[PDB]
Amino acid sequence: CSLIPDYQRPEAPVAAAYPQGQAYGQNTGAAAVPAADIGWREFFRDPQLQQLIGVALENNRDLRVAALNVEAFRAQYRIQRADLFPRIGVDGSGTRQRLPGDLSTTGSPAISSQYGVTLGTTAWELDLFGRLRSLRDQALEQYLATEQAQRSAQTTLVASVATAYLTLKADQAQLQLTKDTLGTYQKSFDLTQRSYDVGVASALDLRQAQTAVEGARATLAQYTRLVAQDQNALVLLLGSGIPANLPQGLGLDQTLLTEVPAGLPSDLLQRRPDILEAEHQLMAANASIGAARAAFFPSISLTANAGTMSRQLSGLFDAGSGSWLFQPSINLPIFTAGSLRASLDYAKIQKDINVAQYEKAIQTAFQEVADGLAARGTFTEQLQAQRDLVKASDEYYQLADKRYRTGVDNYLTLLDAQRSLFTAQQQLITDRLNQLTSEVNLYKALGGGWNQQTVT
(Lines of atoms letter the chains of each structure in order from A and count residues from 1; the text may use other names and numbers.)
(Lines give C-alpha, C1' and ligand atoms only; values in the text may rest on other atoms or scores of the structure.)
Protein backbone atom coordinates (compact mmCIF):
# COMPACT_ATOMS: atom_id res chain seq x y z
CA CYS A 1 0.00 0.00 0.00
CA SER A 2 0.57 3.66 -0.47
CA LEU A 3 -2.22 5.53 1.34
CA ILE A 4 -1.21 8.81 -0.26
CA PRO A 5 -4.18 10.69 -1.81
CA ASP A 6 -4.31 11.37 -5.58
CA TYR A 7 -2.78 14.69 -6.47
CA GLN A 8 -4.73 17.26 -8.48
CA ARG A 9 -2.69 20.46 -9.13
CA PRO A 10 -5.03 23.26 -8.01
CA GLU A 11 -6.63 25.79 -10.34
CA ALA A 12 -4.44 28.87 -11.05
CA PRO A 13 -6.53 31.54 -9.27
CA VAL A 14 -5.54 34.27 -11.73
CA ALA A 15 -7.15 35.78 -14.88
CA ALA A 16 -6.60 33.92 -18.15
CA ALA A 17 -5.22 37.18 -19.59
CA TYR A 18 -2.66 39.69 -18.37
CA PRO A 19 -4.39 43.08 -17.84
CA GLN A 20 -5.34 45.68 -20.39
CA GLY A 21 -6.03 49.42 -20.03
CA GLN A 22 -4.15 52.63 -20.93
CA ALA A 23 -0.91 51.31 -19.44
CA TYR A 24 -0.41 48.20 -21.57
CA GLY A 25 0.48 47.11 -25.07
CA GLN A 26 -1.77 44.46 -26.63
CA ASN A 27 -1.48 40.98 -25.20
CA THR A 28 1.04 39.03 -27.28
CA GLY A 29 -0.57 35.66 -26.42
CA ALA A 30 1.39 32.38 -26.50
CA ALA A 31 5.16 32.58 -26.88
CA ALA A 32 7.12 30.30 -29.17
CA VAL A 33 10.15 30.57 -26.86
CA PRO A 34 8.92 31.37 -23.31
CA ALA A 35 10.89 34.01 -21.49
CA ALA A 36 11.87 31.37 -18.91
CA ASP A 37 13.81 29.68 -21.79
CA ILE A 38 15.96 32.63 -22.91
CA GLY A 39 19.50 32.32 -21.56
CA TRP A 40 20.88 35.29 -19.64
CA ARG A 41 23.94 35.29 -21.94
CA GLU A 42 21.37 36.18 -24.61
CA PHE A 43 19.01 38.42 -22.61
CA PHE A 44 21.97 40.57 -21.45
CA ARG A 45 23.60 42.07 -24.48
CA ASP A 46 26.36 43.74 -22.43
CA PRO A 47 29.41 41.43 -22.49
CA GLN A 48 30.84 42.98 -19.31
CA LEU A 49 27.64 42.26 -17.42
CA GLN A 50 27.73 38.70 -18.74
CA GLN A 51 31.11 37.96 -17.17
CA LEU A 52 30.01 39.61 -13.93
CA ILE A 53 26.97 37.39 -13.72
CA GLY A 54 29.30 34.41 -14.38
CA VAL A 55 31.59 35.48 -11.55
CA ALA A 56 28.58 35.81 -9.27
CA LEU A 57 27.25 32.32 -10.03
CA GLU A 58 30.73 30.90 -9.17
CA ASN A 59 31.31 32.96 -6.03
CA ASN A 60 28.14 34.27 -4.36
CA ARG A 61 27.75 32.70 -0.91
CA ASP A 62 23.91 32.87 -0.80
CA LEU A 63 23.52 30.91 -3.98
CA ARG A 64 26.23 28.54 -2.70
CA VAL A 65 24.09 27.97 0.42
CA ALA A 66 21.10 27.26 -1.82
CA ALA A 67 22.99 24.54 -3.76
CA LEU A 68 24.37 23.00 -0.56
CA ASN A 69 20.80 22.84 0.73
CA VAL A 70 19.75 20.79 -2.24
CA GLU A 71 22.44 18.31 -1.14
CA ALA A 72 21.28 18.55 2.48
CA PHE A 73 17.76 17.56 1.40
CA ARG A 74 18.99 14.78 -0.89
CA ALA A 75 20.85 13.37 2.10
CA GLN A 76 17.56 13.58 4.00
CA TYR A 77 15.79 11.66 1.25
CA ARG A 78 18.56 9.07 1.43
CA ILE A 79 17.93 8.72 5.15
CA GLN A 80 14.18 8.06 4.76
CA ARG A 81 15.00 5.81 1.79
CA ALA A 82 17.19 3.61 3.95
CA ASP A 83 14.46 3.34 6.50
CA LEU A 84 12.55 0.72 4.47
CA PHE A 85 15.44 -1.69 4.90
CA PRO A 86 16.58 -3.55 8.01
CA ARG A 87 19.31 -2.23 10.30
CA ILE A 88 21.62 -5.21 10.88
CA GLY A 89 24.35 -5.07 13.57
CA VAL A 90 26.39 -7.30 15.88
CA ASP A 91 24.65 -7.11 19.28
CA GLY A 92 26.95 -8.52 22.05
CA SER A 93 24.57 -8.69 25.08
CA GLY A 94 25.16 -9.98 28.66
CA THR A 95 22.96 -10.20 31.80
CA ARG A 96 24.28 -11.21 35.23
CA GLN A 97 21.75 -10.89 38.05
CA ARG A 98 21.45 -11.93 41.66
CA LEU A 99 17.94 -13.07 42.58
CA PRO A 100 16.49 -14.02 45.97
CA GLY A 101 15.55 -17.60 46.97
CA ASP A 102 11.86 -17.13 46.22
CA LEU A 103 12.73 -16.18 42.62
CA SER A 104 15.87 -18.24 41.91
CA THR A 105 16.13 -21.62 40.13
CA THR A 106 17.63 -23.19 43.27
CA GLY A 107 15.39 -21.85 46.08
CA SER A 108 18.22 -20.06 47.82
CA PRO A 109 19.84 -16.76 46.67
CA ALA A 110 21.42 -17.54 43.27
CA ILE A 111 23.48 -15.70 40.60
CA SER A 112 22.23 -16.46 37.09
CA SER A 113 23.76 -15.02 33.91
CA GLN A 114 23.87 -15.06 30.08
CA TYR A 115 26.01 -13.79 27.19
CA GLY A 116 25.39 -13.60 23.42
CA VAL A 117 27.19 -12.11 20.44
CA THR A 118 24.47 -12.05 17.71
CA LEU A 119 23.73 -10.76 14.16
CA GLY A 120 20.26 -9.50 13.17
CA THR A 121 17.72 -6.67 13.38
CA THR A 122 15.71 -5.05 16.18
CA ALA A 123 12.14 -3.76 15.75
CA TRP A 124 12.36 -3.62 11.92
CA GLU A 125 9.08 -1.99 10.87
CA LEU A 126 7.57 -3.78 7.88
CA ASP A 127 5.86 -1.27 5.68
CA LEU A 128 2.64 -3.07 4.74
CA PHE A 129 0.34 -0.06 4.89
CA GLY A 130 3.09 2.36 3.86
CA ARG A 131 3.89 4.73 6.67
CA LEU A 132 7.59 4.76 5.74
CA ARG A 133 7.23 4.84 1.96
CA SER A 134 4.98 7.86 2.44
CA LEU A 135 7.53 9.61 4.67
CA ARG A 136 10.05 8.79 1.96
CA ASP A 137 8.18 10.29 -0.99
CA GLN A 138 7.53 13.30 1.27
CA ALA A 139 11.28 13.68 1.61
CA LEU A 140 11.63 13.33 -2.17
CA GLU A 141 9.20 16.14 -2.95
CA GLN A 142 10.98 18.35 -0.42
CA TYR A 143 14.25 17.63 -2.22
CA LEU A 144 12.52 18.58 -5.49
CA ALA A 145 11.16 21.80 -3.84
CA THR A 146 14.64 22.68 -2.62
CA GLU A 147 15.92 22.08 -6.19
CA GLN A 148 13.42 24.68 -7.36
CA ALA A 149 14.45 27.08 -4.57
CA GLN A 150 17.98 27.03 -5.92
CA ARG A 151 16.80 27.94 -9.40
CA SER A 152 14.68 30.64 -7.83
CA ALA A 153 17.69 31.87 -5.89
CA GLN A 154 19.71 32.00 -9.13
CA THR A 155 17.08 34.01 -10.94
CA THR A 156 17.07 36.43 -7.96
CA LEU A 157 20.88 36.64 -8.16
CA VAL A 158 20.86 37.36 -11.91
CA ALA A 159 18.30 40.09 -11.44
CA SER A 160 20.25 41.70 -8.53
CA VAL A 161 23.61 41.57 -10.26
CA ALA A 162 22.18 43.20 -13.42
CA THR A 163 20.47 45.78 -11.27
CA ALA A 164 23.54 46.55 -9.16
CA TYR A 165 25.55 46.98 -12.38
CA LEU A 166 22.95 49.18 -14.02
CA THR A 167 22.69 51.31 -10.88
CA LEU A 168 26.45 51.73 -10.97
CA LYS A 169 26.34 52.68 -14.68
CA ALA A 170 23.53 55.18 -13.94
CA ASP A 171 25.39 56.86 -11.08
CA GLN A 172 28.53 56.94 -13.17
CA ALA A 173 26.59 58.88 -15.78
CA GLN A 174 25.07 61.20 -13.12
CA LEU A 175 28.62 61.89 -11.86
CA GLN A 176 29.99 62.54 -15.29
CA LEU A 177 26.96 64.72 -16.10
CA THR A 178 27.61 66.64 -12.90
CA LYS A 179 31.30 67.01 -13.77
CA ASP A 180 30.49 68.61 -17.13
CA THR A 181 27.84 70.77 -15.62
CA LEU A 182 30.07 72.12 -12.87
CA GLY A 183 32.66 72.96 -15.53
CA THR A 184 29.95 74.95 -17.30
CA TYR A 185 28.78 76.74 -14.13
CA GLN A 186 32.40 77.60 -13.25
CA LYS A 187 32.85 78.94 -16.79
CA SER A 188 29.65 80.95 -16.57
CA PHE A 189 30.57 82.24 -13.13
CA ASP A 190 33.99 83.42 -14.38
CA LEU A 191 32.45 85.25 -17.32
CA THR A 192 29.96 86.88 -14.96
CA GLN A 193 32.82 87.92 -12.65
CA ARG A 194 34.72 89.60 -15.54
CA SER A 195 31.48 91.32 -16.40
CA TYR A 196 30.96 92.48 -12.77
CA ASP A 197 34.60 93.74 -12.58
CA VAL A 198 34.04 95.78 -15.67
CA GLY A 199 30.89 97.48 -14.43
CA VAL A 200 28.22 95.58 -16.29
CA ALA A 201 26.91 92.53 -14.42
CA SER A 202 25.33 93.27 -11.06
CA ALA A 203 26.23 91.90 -7.61
CA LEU A 204 22.91 90.04 -7.74
CA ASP A 205 23.95 88.37 -11.07
CA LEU A 206 27.19 87.29 -9.40
CA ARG A 207 25.46 85.83 -6.34
CA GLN A 208 23.03 83.97 -8.56
CA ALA A 209 25.86 82.48 -10.59
CA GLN A 210 27.74 81.45 -7.42
CA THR A 211 24.63 79.70 -6.22
CA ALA A 212 24.67 77.42 -9.29
CA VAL A 213 28.33 76.57 -8.75
CA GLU A 214 28.01 75.58 -5.12
CA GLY A 215 24.88 73.45 -5.70
CA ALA A 216 26.72 71.61 -8.46
CA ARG A 217 29.74 71.04 -6.13
CA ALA A 218 27.49 69.42 -3.54
CA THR A 219 25.88 67.12 -6.12
CA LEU A 220 29.39 66.16 -7.30
CA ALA A 221 30.35 64.99 -3.80
CA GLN A 222 27.06 63.08 -3.48
CA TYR A 223 27.46 61.15 -6.77
CA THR A 224 31.08 60.44 -6.00
CA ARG A 225 29.80 58.80 -2.84
CA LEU A 226 27.01 56.92 -4.62
CA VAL A 227 29.31 55.60 -7.37
CA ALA A 228 31.62 54.06 -4.77
CA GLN A 229 28.75 52.57 -2.67
CA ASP A 230 27.38 51.05 -5.85
CA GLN A 231 30.73 49.28 -6.49
CA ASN A 232 30.60 47.97 -2.91
CA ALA A 233 27.10 46.63 -3.46
CA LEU A 234 28.18 44.96 -6.74
CA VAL A 235 31.30 43.37 -5.16
CA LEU A 236 29.10 41.91 -2.43
CA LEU A 237 26.66 40.26 -4.89
CA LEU A 238 29.65 38.99 -6.89
CA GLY A 239 31.06 37.36 -3.73
CA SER A 240 34.57 38.33 -4.91
CA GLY A 241 36.49 41.28 -6.39
CA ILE A 242 35.73 42.96 -9.73
CA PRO A 243 37.75 41.05 -12.35
CA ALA A 244 40.83 42.81 -13.75
CA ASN A 245 40.37 42.29 -17.49
CA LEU A 246 36.71 42.90 -18.34
CA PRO A 247 35.44 43.30 -21.88
CA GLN A 248 34.20 46.82 -22.64
CA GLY A 249 30.69 47.67 -21.42
CA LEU A 250 27.77 49.35 -23.14
CA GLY A 251 26.51 52.82 -22.31
CA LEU A 252 22.89 53.33 -21.22
CA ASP A 253 22.03 54.97 -24.61
CA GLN A 254 22.83 51.65 -26.40
CA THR A 255 20.61 48.53 -26.52
CA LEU A 256 21.18 46.43 -23.40
CA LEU A 257 18.35 43.95 -23.31
CA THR A 258 16.68 41.44 -25.56
CA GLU A 259 12.94 41.88 -25.91
CA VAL A 260 11.51 38.98 -23.92
CA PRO A 261 7.97 37.92 -24.71
CA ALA A 262 5.00 38.08 -22.31
CA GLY A 263 3.71 34.53 -22.78
CA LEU A 264 0.42 33.57 -21.14
CA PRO A 265 -0.33 33.64 -17.37
CA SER A 266 -0.53 29.84 -17.57
CA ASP A 267 3.23 29.56 -18.37
CA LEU A 268 4.05 30.60 -14.81
CA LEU A 269 2.76 27.23 -13.50
CA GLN A 270 5.13 25.28 -15.75
CA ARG A 271 8.07 27.70 -15.66
CA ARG A 272 8.48 30.00 -12.64
CA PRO A 273 10.71 28.10 -10.19
CA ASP A 274 9.12 29.29 -6.85
CA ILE A 275 5.73 28.22 -8.13
CA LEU A 276 7.10 24.78 -8.88
CA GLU A 277 8.78 25.05 -5.48
CA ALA A 278 5.45 25.69 -3.79
CA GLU A 279 3.88 22.79 -5.79
CA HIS A 280 6.47 20.36 -4.56
CA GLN A 281 5.81 21.41 -0.94
CA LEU A 282 2.13 20.83 -1.68
CA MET A 283 2.98 17.31 -3.01
CA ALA A 284 5.07 16.76 0.07
CA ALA A 285 2.20 17.88 2.29
CA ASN A 286 0.06 15.48 0.29
CA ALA A 287 2.47 12.58 0.82
CA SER A 288 2.44 13.22 4.59
CA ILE A 289 -1.30 12.40 4.64
CA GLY A 290 -0.34 8.81 3.72
CA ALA A 291 1.81 8.65 6.87
CA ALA A 292 -0.98 9.80 9.18
CA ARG A 293 -3.51 7.44 7.50
CA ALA A 294 -1.24 4.42 8.03
CA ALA A 295 -1.21 4.98 11.80
CA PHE A 296 -4.74 3.51 11.96
CA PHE A 297 -3.97 0.35 10.02
CA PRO A 298 -2.20 -2.67 11.56
CA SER A 299 1.54 -2.42 12.01
CA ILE A 300 3.92 -5.38 11.43
CA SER A 301 7.28 -5.45 13.33
CA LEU A 302 10.26 -7.87 13.46
CA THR A 303 13.35 -8.87 15.51
CA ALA A 304 15.58 -11.58 13.93
CA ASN A 305 18.70 -13.41 15.04
CA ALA A 306 21.63 -15.75 14.57
CA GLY A 307 24.66 -16.06 16.85
CA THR A 308 26.20 -17.85 19.81
CA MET A 309 24.71 -17.76 23.33
CA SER A 310 26.05 -19.26 26.59
CA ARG A 311 25.73 -19.35 30.38
CA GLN A 312 29.34 -18.09 30.72
CA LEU A 313 31.50 -15.94 28.44
CA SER A 314 33.86 -18.95 27.99
CA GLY A 315 31.32 -21.04 26.06
CA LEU A 316 30.46 -18.48 23.36
CA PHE A 317 32.47 -19.62 20.35
CA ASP A 318 32.31 -23.26 21.28
CA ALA A 319 30.53 -25.83 19.10
CA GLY A 320 26.75 -26.18 19.29
CA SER A 321 26.33 -23.00 21.34
CA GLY A 322 24.46 -21.74 18.27
CA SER A 323 21.46 -19.50 18.96
CA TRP A 324 18.78 -17.66 17.01
CA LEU A 325 15.53 -15.72 17.41
CA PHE A 326 12.54 -14.91 15.20
CA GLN A 327 9.82 -12.63 16.51
CA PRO A 328 6.97 -10.82 14.58
CA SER A 329 4.67 -8.25 16.32
CA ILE A 330 1.48 -7.19 14.44
CA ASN A 331 -0.29 -4.19 16.13
CA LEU A 332 -3.70 -2.69 15.41
CA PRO A 333 -4.64 0.47 17.39
CA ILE A 334 -8.21 0.35 18.73
CA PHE A 335 -8.70 3.24 21.17
CA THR A 336 -6.94 6.47 20.87
CA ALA A 337 -8.75 9.35 22.55
CA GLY A 338 -8.99 10.83 19.04
CA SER A 339 -5.21 11.25 18.80
CA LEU A 340 -4.84 9.39 15.50
CA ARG A 341 -7.80 11.32 13.96
CA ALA A 342 -6.23 14.55 15.21
CA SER A 343 -2.88 13.65 13.67
CA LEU A 344 -4.77 13.02 10.44
CA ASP A 345 -6.67 16.32 10.70
CA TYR A 346 -3.27 17.98 11.19
CA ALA A 347 -1.83 16.48 8.02
CA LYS A 348 -4.81 17.45 5.88
CA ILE A 349 -4.77 20.97 7.31
CA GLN A 350 -1.10 21.12 6.39
CA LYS A 351 -2.10 20.15 2.85
CA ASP A 352 -4.74 22.87 2.81
CA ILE A 353 -2.20 25.43 4.00
CA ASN A 354 0.04 24.40 1.07
CA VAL A 355 -2.81 24.63 -1.45
CA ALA A 356 -3.18 28.24 -0.31
CA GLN A 357 0.53 29.04 -0.36
CA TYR A 358 0.67 27.57 -3.87
CA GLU A 359 -2.20 29.78 -4.94
CA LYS A 360 -0.51 32.77 -3.37
CA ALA A 361 2.77 32.22 -5.20
CA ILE A 362 0.74 32.16 -8.41
CA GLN A 363 -1.03 35.43 -7.49
CA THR A 364 2.26 37.13 -6.53
CA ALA A 365 3.75 36.01 -9.83
CA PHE A 366 0.81 37.48 -11.79
CA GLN A 367 1.08 40.83 -9.99
CA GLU A 368 4.82 41.12 -10.64
CA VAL A 369 4.53 40.33 -14.40
CA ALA A 370 1.50 42.59 -14.74
CA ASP A 371 3.56 45.39 -13.13
CA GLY A 372 6.39 44.52 -15.56
CA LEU A 373 4.04 45.04 -18.49
CA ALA A 374 2.67 48.23 -16.97
CA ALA A 375 6.24 49.46 -17.11
CA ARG A 376 6.76 48.15 -20.63
CA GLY A 377 3.62 49.98 -21.91
CA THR A 378 4.60 53.32 -20.31
CA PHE A 379 8.39 53.81 -20.16
CA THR A 380 8.79 54.28 -23.92
CA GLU A 381 6.30 57.21 -23.80
CA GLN A 382 7.94 58.57 -20.66
CA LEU A 383 11.50 58.54 -21.91
CA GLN A 384 10.32 59.97 -25.19
CA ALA A 385 8.70 62.89 -23.33
CA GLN A 386 11.68 63.26 -20.98
CA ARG A 387 14.04 63.40 -23.95
CA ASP A 388 11.90 66.08 -25.53
CA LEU A 389 12.08 67.92 -22.20
CA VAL A 390 15.88 67.74 -22.25
CA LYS A 391 16.03 69.03 -25.85
CA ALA A 392 13.67 71.95 -25.17
CA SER A 393 15.37 72.66 -21.86
CA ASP A 394 18.63 72.81 -23.76
CA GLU A 395 17.23 75.19 -26.38
CA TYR A 396 15.83 77.23 -23.49
CA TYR A 397 19.29 77.31 -21.97
CA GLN A 398 21.06 78.41 -25.18
CA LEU A 399 18.70 81.35 -25.65
CA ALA A 400 18.74 82.43 -21.99
CA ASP A 401 22.56 82.48 -21.87
CA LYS A 402 22.69 84.48 -25.09
CA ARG A 403 19.98 86.95 -23.92
CA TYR A 404 21.86 87.38 -20.62
CA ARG A 405 25.37 87.99 -22.14
CA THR A 406 23.94 90.44 -24.61
CA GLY A 407 22.28 92.58 -21.95
CA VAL A 408 18.91 91.80 -23.50
CA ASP A 409 17.68 89.87 -20.37
CA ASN A 410 18.26 88.88 -16.63
CA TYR A 411 20.25 86.23 -14.74
CA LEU A 412 17.17 84.71 -13.17
CA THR A 413 16.06 83.33 -16.54
CA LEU A 414 19.50 81.90 -17.16
CA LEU A 415 19.44 80.39 -13.67
CA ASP A 416 15.98 78.97 -14.31
CA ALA A 417 17.07 77.39 -17.64
CA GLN A 418 20.25 75.99 -16.05
CA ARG A 419 18.22 74.20 -13.29
CA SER A 420 15.63 72.97 -15.71
CA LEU A 421 18.32 71.47 -17.96
CA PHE A 422 20.28 69.83 -15.17
CA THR A 423 17.30 68.28 -13.38
CA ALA A 424 15.86 66.96 -16.65
CA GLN A 425 19.15 65.28 -17.57
CA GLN A 426 19.44 63.71 -14.09
CA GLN A 427 15.85 62.64 -14.27
CA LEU A 428 16.42 61.17 -17.74
CA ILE A 429 19.19 58.99 -16.40
CA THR A 430 16.95 57.81 -13.54
CA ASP A 431 14.00 57.05 -15.84
CA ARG A 432 16.24 54.96 -18.07
CA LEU A 433 17.55 53.16 -14.97
CA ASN A 434 13.97 52.44 -13.86
CA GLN A 435 12.90 51.23 -17.19
CA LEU A 436 15.86 48.86 -17.53
CA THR A 437 15.16 47.64 -14.01
CA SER A 438 11.53 46.92 -14.79
CA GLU A 439 12.49 44.65 -17.69
CA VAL A 440 15.20 42.95 -15.70
CA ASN A 441 12.60 42.20 -12.99
CA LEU A 442 10.00 41.25 -15.59
CA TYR A 443 12.48 38.70 -17.03
CA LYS A 444 13.11 37.37 -13.50
CA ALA A 445 9.34 37.15 -12.77
CA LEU A 446 8.52 35.27 -15.96
CA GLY A 447 10.97 32.54 -15.01
CA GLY A 448 14.16 34.34 -15.24
CA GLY A 449 17.71 33.31 -15.95
CA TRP A 450 18.35 29.76 -14.81
CA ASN A 451 19.63 28.84 -18.32
CA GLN A 452 22.98 30.15 -19.60
CA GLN A 453 21.96 29.70 -23.26
CA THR A 454 18.52 29.68 -24.88
CA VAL A 455 16.88 26.23 -24.68
CA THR A 456 15.17 25.13 -27.92
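Residues carry their position along the shown sequence, with the first being 1.
Mean CA B-factor, 170-178 versus 326-334: the higher value falls on 326-334. If you average the C-alpha B-factors over 143-151 and over 112-120, the higher value belongs to 112-120. The residue among 156, 163, 95, 202 whose C-alpha atom has the highest B-factor in the PDB entry is 95. When the C-alpha B-factors of 265, 261, 377, 107 are ranked from the entry, the top spot goes to 107. The PDB entry assigns residue 239 a C-alpha temperature factor belonging to the middle third of its chain's modelled residues. The deposited CA B-factor of residue 189 belongs to the lowest third of values across its chain. In the deposited entry, the Cα temperature factor of residue 321 places it in the highest third of its chain's modelled residues. Among the modelled residues of its chain, residue 356 has a C-alpha B-factor that falls in the middle third, as given in the PDB entry. Per-chain ranking of the deposited C-alpha B factor places residue 220 in the lowest third.
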